[PDB]
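Residue numbers (the entry's author numbering), protein chains in the order written: chain G, 66 to 119; chain H, 11 to 51, 79 to 231, 236 to 333; chain E, 0 to 254. Scroll down for the structure; my scribbles are underneath it.
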Amino acid sequence: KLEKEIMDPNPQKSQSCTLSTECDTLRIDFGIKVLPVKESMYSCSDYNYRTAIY
Amino acid sequence: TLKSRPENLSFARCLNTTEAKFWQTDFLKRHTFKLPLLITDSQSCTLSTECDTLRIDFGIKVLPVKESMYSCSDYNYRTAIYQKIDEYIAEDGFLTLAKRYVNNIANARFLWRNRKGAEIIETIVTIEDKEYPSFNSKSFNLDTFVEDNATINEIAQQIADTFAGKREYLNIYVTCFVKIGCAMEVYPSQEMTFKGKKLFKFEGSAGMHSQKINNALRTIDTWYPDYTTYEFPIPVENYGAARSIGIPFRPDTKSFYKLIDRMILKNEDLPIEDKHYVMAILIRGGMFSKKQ
Amino acid sequence: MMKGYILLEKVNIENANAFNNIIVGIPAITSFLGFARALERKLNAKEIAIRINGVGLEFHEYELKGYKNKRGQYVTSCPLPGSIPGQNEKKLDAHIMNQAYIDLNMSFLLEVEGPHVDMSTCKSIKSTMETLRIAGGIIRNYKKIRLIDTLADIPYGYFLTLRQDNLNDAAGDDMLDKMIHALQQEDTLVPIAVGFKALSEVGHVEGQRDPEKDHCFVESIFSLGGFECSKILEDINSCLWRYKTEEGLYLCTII
RNA sequence: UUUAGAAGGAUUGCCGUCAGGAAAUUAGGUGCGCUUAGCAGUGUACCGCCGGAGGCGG
Numbered sequence: 066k067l068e069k070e071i072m073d074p075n076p077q078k079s080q081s082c083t084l085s086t087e088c089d090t091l092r093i094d095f096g097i098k099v100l101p102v103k104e105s106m107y108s109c110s111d112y113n114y115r116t117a118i119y
Numbered sequence: 011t012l013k014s015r016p017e018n019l020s021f022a023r024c025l026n027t028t029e030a031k032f033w034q035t036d037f038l039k040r041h042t043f044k045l046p047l048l049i050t051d079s080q081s082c083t084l085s086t087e088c089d090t091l092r093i094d095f096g097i098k099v100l101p102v103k104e105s106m107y108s109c110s111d112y113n114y115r116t117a118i119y120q121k122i123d124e125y126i127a128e129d130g131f132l133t134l135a136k137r138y139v140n141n142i143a144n145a146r147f148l149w150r151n152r153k154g155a156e157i158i159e160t161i162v163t164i165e166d167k168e169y170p171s172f173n174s175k176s177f178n179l180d181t182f183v184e185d186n187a188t189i190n191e192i193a194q195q196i197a198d199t200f201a202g203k204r205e206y207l208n209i210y211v212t213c214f215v216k217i218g219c220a221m222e223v224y225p226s227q228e229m230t231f236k237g238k239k240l241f242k243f244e245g246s247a248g249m250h251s252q253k254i255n256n257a258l259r260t261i262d263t264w265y266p267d268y269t270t271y272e273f274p275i276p277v278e279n280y281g282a283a284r285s286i287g288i289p290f291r292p293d294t295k296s297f298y299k300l301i302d303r304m305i306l307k308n309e310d311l312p313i314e315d316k317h318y319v320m321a322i323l324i325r326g327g328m329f330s331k332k333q
Numbered sequence: 000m001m002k003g004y005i006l007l008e009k010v011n012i013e014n015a016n017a018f019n020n021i022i023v024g025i026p027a028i029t030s031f032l033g034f035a036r037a038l039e040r041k042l043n044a045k046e047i048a049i050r051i052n053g054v055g056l057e058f059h060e061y062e063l064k065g066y067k068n069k070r071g072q073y074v075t076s077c078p079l080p081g082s083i084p085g086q087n088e089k090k091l092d093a094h095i096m097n098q099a100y101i102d103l104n105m106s107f108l109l110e111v112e113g114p115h116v117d118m119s120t121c122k123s124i125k126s127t128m129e130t131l132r133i134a135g136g137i138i139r140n141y142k143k144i145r146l147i148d149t150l151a152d153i154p155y156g157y158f159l160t161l162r163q164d165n166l167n168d169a170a171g172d173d174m175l176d177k178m179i180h181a182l183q184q185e186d187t188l189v190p191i192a193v194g195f196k197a198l199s200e201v202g203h204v205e206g207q208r209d210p211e212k213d214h215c216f217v218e219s220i221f222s223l224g225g226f227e228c229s230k231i232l233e234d235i236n237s238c239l240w241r242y243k244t245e246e247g248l249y250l251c252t253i254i
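Written as structure tokens, this is what we have:
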């Protein structure tokens with residue numbers, strides 16, 4: 066393949082993201098919810114295992 | 011100890027370039043005046086009657102070379118890479134390569150077609166809040182490399198120190214003034230159509250892609266096998282290739298794949314020119330993996 | 000003085016005989032070997048020395064003349080009888096005997112041995128095959144007559160080969176029980192007719208077709224066979240039918 | 001030198017009438033897509049010109 070295709074162009078599609086010419090800083094906003102740990106057990110087919118975990 | 015390259019190996023860039031934006035200007039009142047330059051609907082772009090100067094503004098970010106590996110699936114190869122890099126920073130502090138990169142800025146190679154047929158070209162380089170003394174641009178050949186210019190040395194020292202690791206970042210901002218004359222064509226970069238020449242617009246005005254400028258700065262390879270015959274710098278590539286004239290200048294044992302699987306898999310001490318080329322490929326970046 | 004292989008490719012035969020007193024289906028192998036011998040005898044009267052010493056039978060499609068009922072069984076069809084010589088030849092309706100007819104597309108691999116085996120031999124076979132029959136059927140068209148060298152120049156199809164080992168190693172108490180048991184175990188085998196066995200001695204009787212030859216009264220003998228593809232085959236020699244003659248037995252075998 | 005050699009299956013036709021599928025429900029827990037790049041190739045060829053069709057100038 067190197068003999069027959071070492072010089073052959075390669076168009077490719079892509080996407081990019083840059084800032085403007087008048088700005089120099091990035092701002093990121095997000096949020097977190099915190100919940101209790103004992104009230105986070107969704108399914109258990111044996112009650113004794115649940116009591117042991119608790 | 012080591013038998014092959016890992017199944018996932020990648021390097022990031024250490025020379026990040028912003029996109030360029032075009033302006034119109036007059037020469038004698040250049041530092042008090044600036045106007046936009048737009049593309050006139079093929080598509081073509083030509084300077085106004087009242088102006089005779091193109092202005093190019095772009096910037097470069099310089100990052101360290103050790104902290105530029107994104108993935109490696111084998112810790113031993115990572116330790117080998119870091120040992121070879123510290124052996125390079127023992128001998129030469131990334132200084133010859135950096136001098137060549139500042140030389141490509143000074144030569145004004147980034148003006149691809151816009152360099153022929155100009156009468157005054159000036160380039161000023163800004164780092165931090167200090168503006169360094171300007172450049173003449175038409176006193177530097179496109180086939181040599183000056184090594185005795187003081188301002189080039191002062192920029193190249195900081196670029197070399199930032200790649201070494203003694204500094205964590207450097208931001209370089211460059212402005213260029215090209216006097217072509219009134220009503221002349223400016224020739225900006227052309228987009229990819231997956236008919237007609239469709240040009241590239243950035244923030245309403247015209248400009249060049251960052252890839253085209255980065256191709257200009259990487260023409261620093263003068264260590265290829267057949268250098269004495271054709272004596273012209275080639276841009277840095279793996280299977281070393283020049284789209285200018287149709288010839289693979291590195292098909293075989295001087296390519297990057299063998300030269301890196303002859304330094305880390307078989308711990309042989311290579312010549313300094315091949316080490317220069319391998320480090321230049323690592324300041325370029327790419328995916329270097331191996332099936333199985 | 001030379002040996003080669005000639006292929007007769009994709010021949011259409013219409014209305015070939017399909018009844019051998021216990022079998023309705025594929026015609027007997029002696030008809031195909033007699034077609035090969037008749038082609039040999041017609042080529043040697045045009046002063047072209049050749050000898051066919053082996054034939055391979057390849058199958059591509061078939062159609063039995065009749066229909067299939069709702070229960071999955073075949074019902075055969077026969078043409079309306081015409082005038083038949085005898086004591087009731089001047090009557091309007093004649094008798095209906097036992098008959099069956101089949102339609103085939105097949106290909107033949109011939110092993111020829113002569114002084115010259117070029118493509119002029121192929122042209123002579125092309126000129127001599129429009130005056131012959133296969134079983135009792137007519138040839139409508141053929142595709143191409145050509146020389147072959149290896150197993151990869153053969154078109155796709157399914158060949159017929161002898162499976163006498165699967166009949167001698169089965170059940171017991173008589174040969175017909177072995178036949179029925181061997182047909183119940185592996186379902187991809189067929190009964191075929193493979194020649195003749197004597198029922199008298201050799202001599203001269205009155206009423207022969209040629210009154211200058213030897214004569215014997217015979218009975219047909221039957222064996223087992225199977226189908227193998229043309230891309231799973233080992234050698235050319237393992238699919239070629241040949242003649243063999245003992246004292247009292249007239250057979251067709253794959254050595 | 002082929003279980004050889006031979007063959008007209010034909011004509012005609014009214015499938016019809018009626019009808020309740022119906023009731024109940026818990027899909028749920030977890031998670032890094034991602035390292036590289038010059039839209040080039042030359043980006044396309046204009047007016048004529050005699051001739052009458054066929055051939056050079058800028």
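Note that beta-carbon positions come from the ideal geometry of N, C-alpha and C, so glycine has one too.
Check                                                                                                                      : Outcome
Residues sharing a beta bridge with residue 15 (chain E), DSSP                                                             : E:101
Beta-carbon proximity of residue 48 (chain H) to residue 245 (chain H), cut-off 8 angstroms                                : yes
Cα-Cα separation, residue 284 (chain H) to residue 72 (chain G)                                                            : 8 angstroms
Partner residues on chain H for residue 90 (chain G), Cβ-Cβ distance less than 9 angstroms                                 : Correct list: empty, because the minimum Cβ distance to chain H is about 14 angstroms.
Contacts that residue 244 (chain H) makes with chain G (C-beta to C-beta distance below 8 angstroms)                       : 85, 86
Contact check, residue 221 (chain H) vs residue 30 (chain H), beta carbons under 8 angstroms                               : no
Whole-angstrom distance between residue 132 (chain H) and residue 211 (chain H), CA atom to CA atom                        : 20 angstroms
Endpoints, the alpha helix (DSSP H) within which residue 197 (chain E) is located                                          : Where residue 197 (chain E) is concerned, there is no enclosing alpha helix (DSSP H), although the beta strand (DSSP E) it sits in stretches over 188-197.
Residue-level contact to chain G via CB, residue 257 (chain H), 8 angstroms cutoff                                         : no
Identified DSSP bridge partners for residue 211 (chain H)                                                                  : H:95, H:162
Partners in chain G for residue 31 (chain H), counting only beta-carbon separations shorter than 7 angstroms               : 86
6 angstroms Cβ shell around residue 329 (chain H) - same chain, five flanking residues per side excluded                   : 19
Those residues which DSSP pairs with residue 2 (chain E) across a bridge                                                   : E:112
Strand pairing of residue 51 (chain E), partner residues [DSSP]                                                            : E:111
Residue 188 (chain E) versus residue 76 (chain E): straight-line alpha-carbon distance, rounded                            : 25 angstroms
Distance between residue 134 (chain E) and residue 62 (chain E) (C-alpha atoms, nearest Å)                                 : 15 angstroms
Residue 328 (chain H) - partner residues in DSSP beta bridges                                                              : H:20
Residue burial classification, residue 145 (chain H) (beta-carbon count within 10 angstroms, cutoff 16)                    : buried
Residue interval of the alpha helix (DSSP H) (run including residue 218 (chain E))                                         : Where residue 218 (chain E) is concerned, there is no enclosing alpha helix (DSSP H), although the beta strand (DSSP E) it sits in stretches over 217-228.
Short CB-CB distance (under 8 angstroms) between residue 229 (chain H) and chain G                                         : yes
The stretch 52-62 of chain E contacting the stretch 99-112 of chain E, beta-carbon criterion three pairs below 8 angstroms : yes
Within 8 angstroms, strictly: CB atoms of residue 226 (chain E) and residue 192 (chain E)                                  : no
Cβ-based neighbour list, residue 68 (chain E), same chain, cut-off 7 angstroms, excluding 5 preceding and 5 following      : 74
Under 8 angstroms by beta carbon: chain H residues contacting residue 67 (chain G)                                         : 280, 292
Where the alpha helix (DSSP H) through residue 199 (chain H) begins and ends                                               : 187-201
Counted within 10 angstroms of its Cβ, other Cβ atoms place residue 140 (chain E) as buried (16 or more) or exposed        : exposed
Beta carbon proximity, residue 16 (chain H) to chain G, threshold 8 angstroms                                              : no
Span of the beta strand (DSSP E) around residue 65 (chain E)                                                               : 65-67
Neighbour flag for residue 287 (chain H) against chain G, beta carbons, 8 angstroms                                        : yes
Paired residues, beta bridge with residue 144 (chain E) - DSSP                                                             : E:7
Beta-carbon proximity of residue 316 (chain H) to residue 138 (chain H), cut-off 8 angstroms                               : no
Alpha-carbon spacing of residue 149 (chain E) relative to residue 234 (chain E), whole angstroms                           : 9 angstroms
Min CB distance residue 97 (chain G) to chain H below 8 angstroms                                                          : no
Residue from H:156, H:241, H:34, H:297 whose Cα sits closest to the Cα of residue 323 (chain H)                            : H:297
Rounded C-alpha distance that separates residue 29 (chain E) from residue 40 (chain E)                                     : 16 angstroms
Proximal residues of chain H, C-beta to C-beta of residue 71 (chain G) below 9 angstroms                                   : 280, 282, 289, 292
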